[PDB]
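> Here is the sequence, then the experimental structure:
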Amino acid sequence: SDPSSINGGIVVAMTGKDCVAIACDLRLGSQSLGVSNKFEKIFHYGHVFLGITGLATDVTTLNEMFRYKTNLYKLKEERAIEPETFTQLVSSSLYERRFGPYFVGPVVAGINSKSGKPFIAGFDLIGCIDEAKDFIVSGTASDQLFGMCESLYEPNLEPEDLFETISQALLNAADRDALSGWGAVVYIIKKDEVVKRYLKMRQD
Amino acid sequence: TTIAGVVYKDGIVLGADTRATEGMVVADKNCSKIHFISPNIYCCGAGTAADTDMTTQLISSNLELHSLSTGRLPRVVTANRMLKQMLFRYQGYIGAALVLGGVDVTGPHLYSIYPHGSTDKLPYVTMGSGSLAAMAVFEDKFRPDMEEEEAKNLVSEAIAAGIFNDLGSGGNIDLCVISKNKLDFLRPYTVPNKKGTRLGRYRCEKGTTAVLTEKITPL
Amino acid sequence: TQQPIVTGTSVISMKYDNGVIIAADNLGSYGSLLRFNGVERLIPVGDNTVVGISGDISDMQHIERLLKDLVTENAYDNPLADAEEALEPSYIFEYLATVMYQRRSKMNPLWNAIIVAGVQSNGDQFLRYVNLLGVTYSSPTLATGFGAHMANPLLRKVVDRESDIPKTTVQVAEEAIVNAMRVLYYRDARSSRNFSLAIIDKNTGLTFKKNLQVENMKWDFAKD
Amino acid sequence: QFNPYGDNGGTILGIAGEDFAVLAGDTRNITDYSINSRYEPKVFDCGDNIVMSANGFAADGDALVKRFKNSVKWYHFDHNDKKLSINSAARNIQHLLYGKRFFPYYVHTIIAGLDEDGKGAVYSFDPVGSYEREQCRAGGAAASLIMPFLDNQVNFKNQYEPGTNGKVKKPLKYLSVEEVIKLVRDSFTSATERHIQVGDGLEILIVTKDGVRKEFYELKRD
Amino acid sequence: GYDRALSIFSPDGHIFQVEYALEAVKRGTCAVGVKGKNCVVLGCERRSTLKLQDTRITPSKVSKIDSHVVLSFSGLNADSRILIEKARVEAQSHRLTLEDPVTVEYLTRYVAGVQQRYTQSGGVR
Amino acid sequence: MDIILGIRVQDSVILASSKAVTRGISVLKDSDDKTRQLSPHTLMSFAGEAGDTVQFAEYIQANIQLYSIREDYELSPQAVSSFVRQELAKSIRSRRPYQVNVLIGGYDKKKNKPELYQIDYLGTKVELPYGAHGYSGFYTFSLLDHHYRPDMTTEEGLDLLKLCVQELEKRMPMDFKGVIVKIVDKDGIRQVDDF
Amino acid sequence: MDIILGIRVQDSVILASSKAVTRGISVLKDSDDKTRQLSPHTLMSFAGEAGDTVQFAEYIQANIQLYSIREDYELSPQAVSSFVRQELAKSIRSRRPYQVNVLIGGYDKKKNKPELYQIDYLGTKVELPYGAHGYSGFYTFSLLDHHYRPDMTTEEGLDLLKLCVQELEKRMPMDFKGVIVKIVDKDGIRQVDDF
Amino acid sequence: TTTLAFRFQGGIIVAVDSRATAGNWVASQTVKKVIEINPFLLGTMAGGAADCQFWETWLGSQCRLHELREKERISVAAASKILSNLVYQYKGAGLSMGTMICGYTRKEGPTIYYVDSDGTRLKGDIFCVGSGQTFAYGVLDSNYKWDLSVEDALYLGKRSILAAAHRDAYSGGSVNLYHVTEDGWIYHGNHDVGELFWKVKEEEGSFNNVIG
Amino acid sequence: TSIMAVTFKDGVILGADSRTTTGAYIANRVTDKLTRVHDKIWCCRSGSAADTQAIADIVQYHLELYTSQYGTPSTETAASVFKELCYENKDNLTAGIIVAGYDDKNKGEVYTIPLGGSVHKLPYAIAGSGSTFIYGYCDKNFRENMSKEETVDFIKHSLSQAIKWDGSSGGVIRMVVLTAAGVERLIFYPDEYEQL
Amino acid sequence: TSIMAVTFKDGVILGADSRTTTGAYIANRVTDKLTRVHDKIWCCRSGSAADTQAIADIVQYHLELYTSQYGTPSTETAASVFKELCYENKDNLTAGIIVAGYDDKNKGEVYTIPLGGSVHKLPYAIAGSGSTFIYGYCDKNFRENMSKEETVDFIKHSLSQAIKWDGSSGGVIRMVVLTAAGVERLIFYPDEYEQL
Ligand SMILES: [Mg+2]
Ligand SMILES: [Mg+2]
Ligand SMILES: [Mg+2]
Ligand SMILES: [Mg+2]
């Protein structure tokens, strides 16, 4: 009944020293029924990464919508969109459906190409921006992620330290949520390389 | 949220806490709730956040265009009207609850704007879940025509009341002091709680996480 | 199950170095109608306890009768009724708490929020809350209804934790209570100017002040 | 309509060590967004080296604890001052809870102590009396913020030995009382940061063969 | 209700009402039971002081409690009917709850228990 | 439970009752016997609310078996049906009513006649040449109205019953997993093991 | 409608769809084909609300046939599935939403690969080795999880499908009147006339 | 929840998962869903946890009183009927129970009764109860034979819970196995589903859809 | 809310309390409920604060545009514009407005517009939640052609009683006097009117 | 209904209107709402007619039996019996009763028992639907130790206004005077009180 917990799943994003990380589980379900273990929730437009939790049809629709908008942006602007700019585009796009919203939990992650500054952000379904430097969480195990992140996180972690932190935050949160898990992906993002790692986890 | 404002001798003092929540969970401990409307006018917001953020941004943008055309600083009454008339039109469905304070050609003014489109023009106001705690401080100690540092302390003392006694309010205290001669945006004005210290390091060693496959793409 | 009809608003209280203070206004509201203006909502039990009651007034009057009967009953076959075997605040509270929780458990509550203020035999301050649900708690300051939202923030600035109690005199505590009552009168639409205040001190005993008024009221800024 | 139930917030945590057990709980009592008290004890010594907390609706919590304490007293009277073992206490609490199956005590109950072999024990109950022995159990408001962390740090879940890459699990080595208290304090510090209902103070009751000890720590008050 | 303790001890440790009930049994027509290797036979006396009797409809001395158990008796005929009814009800209750007919020992233990109860209950003989 | 049918022919009563027991999503059993022998020449089939059906049937069985032992006599089918009706009629104004429908098929040894009684959960009794409960009659009664004769043999009754079950298997949305069929005549009660 | 299954093997996609059409009390038809050919190498099965299912399927068919004529080209299965998803995603915020679930089984002639897409009425698309809608997966997925291999032949896929249908016929309460089975491969679409 | 019990040549296999949830929140992964009524009788937990624990522990008390009074082991028929008759008295009050009462006696042999909180009592060979029941049934129905060995029957029960643990969101944690014989039940261990899934995947070649 | 308007010899006086409540919380204790729609045409507002403010602003606009084209509008004209808005949008409004004004030709006039959007021209009018408690008092004590001082006393005493009994009313008693001489604002504090 | 009781120098006077309505239909225009529970202890009844009649009859019984055993009950005792019935059966009653009586020791006393079953001893009391309209009037015009004629005028004027504004009140104004001298019944018709 509740659109934001029909399909299930989670996203978490973190900042480190000259890097960011974003991670998600791979589950798609119809309430109790597991349907897919290959439903990735993180997308990218140039060097800006967007995770989306919630109703899966809206996840897919919004990905397609932001690909559309960032493609036109690039053609007109003659440059790739930056995380700060994209964050505002997401907020605007969500709020224009104020009274018929998309049931989603977006998370932005990326490094500004000019300043080199790591950036992460989050939004509510109607676009309010959560702009926090440490970490952003979203999905049906958001409470669990808040708990993991608050106790595991510390600032200025090196890329490979940050990988371990975000992975353990995701995995252990997902295992306390019926509607999350079935695999997991972690992106480690630096100024000019991105590493994508699939994690081994329990499949129940 | 606890947001508040007062009118003092030379201008306006606005105050706000910094806790943003999702349910009973704190999503952001340092959220800025004092918003720019125009150079002489700022807004404190409570209520549905997206609504407050968007409604203030829209009116700020329209005021900017108005001010470019007229060639003079905008007034607080015009900011009040534009907000009020929009909120009224949407019949409370845009849950923006604001404290609007600024300094005009006609002096300092302070308003409280409600979601349904009613406004009150007052020397001191409070809004959010912490309004009663904050208002108790004002009823206790407010007097008209306060000096700047006195007014600053009263607003700060009012926000503190909300932070401590309201579960929906917390974090730092932010102020905005507005007068003819200056605008001071104090973020954070005070830090009344130290972040809790953790006794242990729970961060894992490298290789602890089990990885199926990896891929590296350069840029 | 019922609904409260004639109602009383906030009861506020705090601890200080040598005892406790409790206060409540003299109004019995009938919805928005300010019907009854001479209602005493602080009810003393002996010379060591004052029970302050908010909520339904008919239920308050019932509780008043239970407390009167309790004093009578304690005196029966009790040669030390005015000495070692007098009623203690803790005894009076535990009784009321038992009644309140029993009544909620039969789905027929006494529609009140109660604060029992007093001083024990050994000089210890007693201050504890109980309501229609049987919920109980203690704190250096306690208040019901509106008082919880507006009085507690002011009173907690005087006594913020346990260690502030010995540092708080009776003058400072009474000033705070009276100041809190003024604020409630400004801001509670079901409050009145007239109130009663009761101090229970381990040295000077029970002082019961009636017909107090909220004064030093700031309205002058209204004209502008 | 009259609602006989309420929610006083609160968060509790029971952990069983090798030869000890701890039962911790925050000292904040609330209704909605107001604080009723910054120090209202929630974990109780019930005698016979048993500690108990019934978190949730405080009136039902107090009632249950009061009845259990009384059950210990009458156990002594009826059975020649025999010590009530933790397992026997647990079964007795099931019957107290299930007695009100159709008008429940709106609480999540946890008890802690030592079993008859001197080993640390924690038991956890639902509102209507279903119960289980457990190593680790958080209850109440911020339980969902605490348990995933404990899974990771106490039981070493999702942690593997460096170099093996998922083949060898991190071994389950025994934790001291000092180590468990660190985890408890940091669990509540994190819960206080992220949950509005958690704060003010943390009171921990530690149970060993020597008896019941108490420790108190300040928590953030906003 | 009538609560009077009719069955009580006497100074010599006897319950006379129980012992006088045995005298009613002594008066009753003789009943005999003999078990063979693969059978049991119940023999019963019929006093021939009563002729002009209708033997078709006169209550027979042996009663079926279930399809596999029978009860005969010596003593007060009216009293026996109350024990027979209770035993028959219990036989069906046993089948209903245990899904198995009564053992002969179980049925006996039940009847004997009813008899005992009437030796230390108020208002009854 | 679902389908219970009954047909009274010349010299016997035939009861046909479905084998399925469904608890919501899954079919838990496909060999359930929805019947109790009340006395040697009286059989009662049943369908209605879960639990209540078996509880009611076994309760009736116990009472008839008690009567049989007390009087050393088998009650007539009419007498048993009246007893059953009264228990259901009593039930309908209770705190929690038995939601149970029954067919009573009996052979009266005094009159040398088969008898079929239909009784619903309200205590609505009717004697019929053929009967059913729930939706079973909606599909089957047009066939029975056409083909039924009072002088039918037991074999003809079983064939007409097969046609009724075939129509049910064609047009009913639910898979009731076939029927157990039992015949009640002068010699007693027996089950047709191949149907 | 009720059961629609799909399985992607080595060189084909097999769709199995129930034949029953039930309108409340009665089974109106037992030979209904719950499928439309969208293009020569793309088949769509469907299940959901009455009327909306066929209306939606035929509307999609018409649009794909229009595309085929305009461009003289067959759209890839991925392209058709994306088009279908968008139409359903559009539908869910409409005045009256299409309550239709689909499986799209297609053979991509460019990549020489079979492809199975599962799309629910919300527009929730997933590519799968095997899929189902409604309760069908609850019974069948444990069997498919056990037996499925990516290198299966078409004949092995049909056998695994038979086992799935047998389990459905055993544990489902509804009689869905068997399934029509169709195979989609490089040569096009064909119906297995004996199943 | 997923619970099963089945009759075979070597007695009864009982197999259950370990997960308990309050909404989407996973409360516990270490729930004991087999109730050890006595050394010869087992019961399974589904629906209400308390209702099952309380009343099946109580059932053990009634079974103990029976054998004291009658000097004989209680039949599974009689034990199951004590529980079904009890819950039937409470019908309408809101008990929630779906259980398999499992035992092996001389007179009956291996016997399973499905007992349920709306009064149902069904004797049967295979039962599966819970949110993941449909998944378990699939594996059971396609692999079940009367002439299974004890080793193969134990695995079949284990594998069937694994199937449900994988697909059903509200089933998982660990698998608990029991083998009921005439001389009593024998516990066959706790098996973590996380470790079991990968072990089974490799050794069996199943779950090819899942990357390992 | 307790509001009233009273005609007298020299014109008309409007009166109001200053309390605005959200449930039992007093959201504004110094509210100005006497609002100006033209130089010598004012109104008292009761009901939804958003609605009555919106209406009053629209009316002020209408009368400003009227004045630019046709000169000073009559009080009747002002009441008619209020009525038009209140009647036509009755389904979406909760507004009880008293309209008072001074012409030189017509002198003091009072029009009351209750919930339905009907108009009633009266010598004096009372409205708001607190008005119920003073129907008896006002009917017994009102006279026509009172002096300024008598009418100030009549309004002061009336609203004093309305405030005493109605929890939704309170704070200061504001008044606005409308005569040929001009526009005078008056304020009366609790310590003054409570002892009456 | 409009009812009141007022203490004065020589004792107490009860007053009431005579209108009883079923919706908008006046089922009885000449109702007697002043009812005798003892010689010099009367009550005014408002709320459910069935309830207040049942209560009053039970009270009369209680006080009759009290009198047989213990002599003349006090007015306080009468009020307590009313309260006991009203409080203990609050869930099943709709009764708003004013109890008035004359002792020689205590003189005139008035007790009001509103809906909840609370008791309030007062110099005077007003109740019923029509009372809302005369809170202002009664508070301004009541004095203690008035004469019989002044108190009759005060009750006549008060209920006149209550009747004027409340549709649920009307008909004749009945009064009952309770003094040392005895019990006097008074009646005042519309043509008299409407012109006040
Ligand atoms: Mg999981
Ligand atoms: Mg906190
Ligand atoms: Mg699972
Ligand atoms: Mg007032």
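Everything's here; your move. Residues are numbered from 1 along each chain as shown, chains lettered A, B, ... in the order given. Ligands and ions are numbered 1, 2, ... in the order given.
> most distant residue from the middle of chain I?
Ranked by distance from the centre of chain I (C-alpha atoms, centre = their mean), the top residue is residue I:69, with 27.1 Å.
> That residue and residue I:59, how far apart?
Look at residue I:69 and residue I:59: by C-beta to C-beta, to the nearest Å, they are 16 Å apart. Where you see a C-beta, it was placed from the backbone N, CA and C, and this is true even at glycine.
> returning to that earlier point: using the three-state scheme, assign the residue farthest from the centre of chain I.
helix (DSSP: H, G, I helix; E, B strand; the rest coil).
> Just give the number of residues close to residue 95.
No chain was given, so I picked chain A. Number of residues near residue A:95 (other C-beta atoms under 10 Å in any protein chain shown) recorded here: 19.
> should've been chain H
Residue H:95: 23 neighbours (other C-beta under 10 Å).
> Pop out the phi and psi values for the residue nearest to it when sequence neighbours are not counted.
Spatially, and ignoring its direct neighbours in sequence, residue H:95 is nearest to residue H:117 (4.4 Å; C-beta to C-beta, 6 or more residues apart in numbering or on different chains). Backbone geometry at residue H:117, expressed as degrees, to the nearest 10, gives phi -70, psi -10.
> Report the contact partners of the residue in chain I that chain A sits nearest to.
Of all residues in chain I, the one sitting closest to chain A is residue I:92 (17.8 Å; C-beta to the nearest C-beta). Going by C-beta atoms under 8 Å, 6 or more residues apart in numbering or on different chains, residue I:92 touches residue B:91.
> For it, give its distance to residue B:213.
Remark: distance between residue I:92 and residue B:213 (C-beta to C-beta) = 61 Å.
> what ranges do the helices span in chain C?
C:57-75, C:89-105, C:146-155, C:170-187 (DSSP state H).
> Now those in JSON lines, please, with extra columns for mean neighbour count.
Shown next, in JSON lines, are the helices of chain C (neighbours: other C-beta atoms under 10 Å in any protein chain shown):
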{"stretch": "helix C:57-75", "mean neighbour count": "18"}
{"stretch": "helix C:89-105", "mean neighbour count": "19"}
{"stretch": "helix C:146-155", "mean neighbour count": "27"}
{"stretch": "helix C:170-187", "mean neighbour count": "21"}
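> can you give me the strands in chain D?
Assigned by DSSP state E, chain D shows strands spanning D:11-16, D:21-26, D:29-31, D:34-37, D:44-45, D:51-56, D:107-114, D:120-125, D:131-134, D:136-140, D:201-208, D:211-218.
> same thing with chain F?
Secondary structure of chain F (DSSP E): strands at F:4-8, F:12-18, F:21-23, F:26-29, F:35-39, F:42-48, F:100-108, F:113-119, F:125-127, F:130-132, F:179-185, F:188-192.
> ok, the first one: who's next to it in the sheet?
Strand pairing for strand F:4-8, using DSSP bridges, gives strand F:12-18 (antiparallel), strand F:130-132 (antiparallel).
> So which of those is nearest ligand 2?
Ligand 2 sits nearest to strand F:12-18 of all these, at 60.7 Å, using C-beta to the ion.
> Spatially central residue for chain C, please.
When C-alpha atoms, centre = their mean is applied to chain C, the residue found nearest the centroid is residue C:52 (2.7 Å).
> Which residue is the nearest non-sequential neighbour of that residue?
Closest to residue C:52 by C-beta to C-beta, 6+ apart is residue C:11, at 3.8 Å.
> burial of the one you found, as a residue count?
Neighbour tally, residue C:11, other C-beta under 10 Å: 29.
> which residues does it bridge with?
Going by DSSP bridges, residue C:11 forms beta bridges with residue C:24.
> correct me, but it touches residue C:51?
No. Assessed by C-beta atoms under 8 Å, residue C:11 is found out of contact with residue C:51, at 9.3 Å.
> So which bits of stretch H:79-95 are buried?
Going by neighbour count (16 or more other C-beta atoms under 10 Å in any protein chain shown), the buried part of stretch H:79-95 is H:79, H:80, H:81, H:82, H:83, H:84, H:87, H:88, H:90, H:91, H:95.
> actually stretch E:17-26, not the one I wrote
Counting neighbours by 16+ other C-beta under 10 Å, stretch E:17-26 gives residue E:21 as buried.
> Same check on stretch B:63-79?
Residues of stretch B:63-79 classed as buried: B:63, B:66, B:67, B:74, B:75, B:76, B:77, B:78, B:79 (neighbour count, 16+ other C-beta under 10 Å).
> what touches both of residue C:11 and residue C:51?
Common neighbours of residue C:11 and residue C:51 (C-beta under 8 Å, 6+ apart) are C:42, C:114, C:115.
> Could you point out which of the residues you listed is nearest to chain H?
Nearest member of the shared contacts of residue C:11 and residue C:51 to chain H, counting by C-beta to the nearest C-beta, is residue C:114, at 34.0 Å.
> which residues in chain H form strands?
Here chain H has its strands, by DSSP E, at H:3-8, H:11-16, H:20-22, H:25-28, H:34-36, H:41-44, H:98-105, H:109-116, H:121-123, H:126-129, H:174-181, H:184-192.
> now the ones you listed in TSV, with distance to residue J:120 and mean neighbour count?
Shown next, in TSV, are the strands of chain H (distance: least, C-beta to C-beta, whole Å; neighbours: other C-beta atoms under 10 Å in any protein chain shown):
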stretch	distance to residue J:120	mean neighbour count
strand H:3-8	64	26
strand H:11-16	66	27
strand H:20-22	50	18
strand H:25-28	52	20
strand H:34-36	61	19
strand H:41-44	63	28
strand H:98-105	59	27
strand H:109-116	59	23
strand H:121-123	63	19
strand H:126-129	63	26
strand H:174-181	67	22
strand H:184-192	70	15
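> From what I see, residue A:9 and residue A:180 are in contact.
Yes. Under the criterion of C-beta under 8 Å, residue A:9 makes contact with residue A:180 at 5.6 Å.
> Contacts only, for residue 26.
Answering for chain A, as no chain was given. A:36, A:37, A:38, A:39, A:40, A:41, A:181, A:182, A:183, A:184, A:185.
> Let me rephrase: I mean chain I.
C:186, C:187, C:188, C:189, I:19, I:20, I:170, I:171.
> Check residue B:151 too.
By C-beta under 8 Å, 6+ apart, the contact set of residue B:151 is B:6, B:8, B:9, B:13.
> mind listing which of those are in strands?
Per DSSP E, strands hold the following members of these: B:6, B:13.
> Out of the helices of chain C, flag the one nearest chain E.
So among those, helix C:89-105 is nearest, using C-beta to the nearest C-beta, at 34.1 Å.
> Does the closest one reach chain J?
No. Judged by C-beta under 8 Å from any C-beta of the partner chain, helix C:89-105 stays clear of chain J, getting no closer than 13.6 Å.
> Centre of the chain to that helix, how far?
Its chain's C-alpha centre and that of helix C:89-105 lie 15 Å apart, by C-alpha atoms, centre = their mean, to the nearest Å.
> which helices and strands does that helix pack with?
Counting contacts by 3 or more C-beta pairs under 8 Å, 6 or more residues apart in numbering or on different chains; DSSP states H and E, helix C:89-105 packs against strand C:49-56, helix C:57-75, strand C:112-119, strand C:125-131, helix D:58-78.
> Establish whether the last one and chain H are in contact.
To tie it back to what came earlier, the one meant is helix D:58-78. No. Applying C-beta under 8 Å from any C-beta, one finds helix D:58-78 separated from chain H by no less than 14.7 Å.
> From the chain's centroid, how far away is that helix?
On the basis of C-alpha atoms, centre = their mean, helix D:58-78 sits 17 Å off its chain's mean C-alpha point.
> and it, is it in reach of chain C?
Yes. Helix D:58-78 lies within reach of chain C by C-beta under 8 Å from any C-beta, at D:58, D:59, D:62, D:63.
> If you tally nearby residues, what's the number for the second one?
In terms of burial, residue D:59 registers 27 neighbours under the definition other C-beta under 10 Å.
> how much space between the closest residue to it other than its chain neighbours and chain G?
Among residues not flanking residue D:59 along the chain, residue C:134 sits closest, at 3.9 Å (C-beta to C-beta, 6+ apart). As judged by C-beta to the nearest C-beta, to the nearest Å, residue C:134 and chain G stand 46 Å apart.
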